[PDB]
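Student: I would like to see how this sequence folds:
(chains A and B, ligands or ions: 1)
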Amino acid sequence: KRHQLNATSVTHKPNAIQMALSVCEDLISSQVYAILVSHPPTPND
Amino acid sequence: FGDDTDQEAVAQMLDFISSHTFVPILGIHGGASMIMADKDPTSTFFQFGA
Ligand SMILES: *[C@@H]1O[C@H](CO)[C@@H](O)[C@H](O)[C@H]1NC(C)=O
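Tutor: Residues are numbered from 1 along each chain as shown, chains lettered A, B, ... in the order given. Have a look at this structure:
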């Protein structure tokens, strides 16, 4: 509204391998231009 | 592991796999042979590069 721009999101996965598999499977298949990532509330480095 | 592509990031992926699967991985050729700066301490990924 400030100035043709879709958006998609998905929650964090417990398994890093499963998270990466979900990432591309869903995010990549949609042909995104950037991915926003944030740390979960759990204290995992 | 041995690949023919020149994509560097593939090597990075292998290290990540070694971090989670706890299986030793050896780079041979192509992207895998590319040496990364610092691997994760849990990862057991090795390369033949310099
Ligand atoms: C916009 O992204 C959403 C996310 O699920 C998707 O369902 C939708 O198909 C996208 N819009 C179009 C018209 O591609």
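Student: quick one: is stretch A:37-45 near chain B?
Tutor: No: applying CB under 8 Å from any CB of the partner chain, one finds stretch A:37-45 separated from chain B by no less than 10.3 Å. The C-beta positions use only the backbone N, C-alpha and C, and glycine is treated the same way.
Student: Can you give the contact residues for that stretch?
Tutor: Around stretch A:37-45, the neighbours that count as contacts under CB atoms under 8 Å, 6 or more residues apart in numbering or on different chains are residue A:12.
Student: Would you check the distance separating that stretch from the middle of the chain?
Tutor: Offset of stretch A:37-45 from its chain centre (CA atoms, centre = their mean, to the nearest Å): 13 Å.
Student: Check the separation of the first and last residues in it.
Tutor: Distance between the two ends of stretch A:37-45: 14 Å, counting by CA to CA, to the nearest Å.
Student: One more: stretch B:26-33?
Tutor: End-to-end for stretch B:26-33, by CA to CA: 9 Å.
Student: Tell me where the chain has helices.
Tutor: All of this is about chain A. For chain A, the helices defined by DSSP state H occupy A:16-22.
Student: try chain B instead
Tutor: B:9-21.
Student: and the residue of it nearest chain A?
Tutor: The minimum distance from chain B to chain A, using CB to the nearest CB, falls at residue B:20 (5.2 Å).
Student: For that residue, which residues are in contact?
Tutor: Neighbouring residues of residue B:20 by CB under 8 Å, 6+ apart: A:15, A:16, A:17.
Student: what do you get for residue B:26?
Tutor: Shown in contact with residue B:26 (CB under 8 Å, 6+ apart): B:1, B:46, B:47, B:48.
Student: try it again with 10 Å
Tutor: Going by CB atoms under 10 Å, 6 or more residues apart in numbering or on different chains, residue B:26 touches B:1, B:2, B:14, B:32, B:33, B:45, B:46, B:47, B:48.
Student: Please name the bridge partners of it.
Tutor: With DSSP bridges as the criterion, residue B:26 is bridged to residue B:46.
Student: Near residue B:36, how many other residues are there?
Tutor: 15 (other CB atoms under 10 Å in any protein chain shown).
Student: how close does it get to residue B:18?
Tutor: Distance, residue B:36 to residue B:18, using CB to CB, to the nearest Å: 12 Å.
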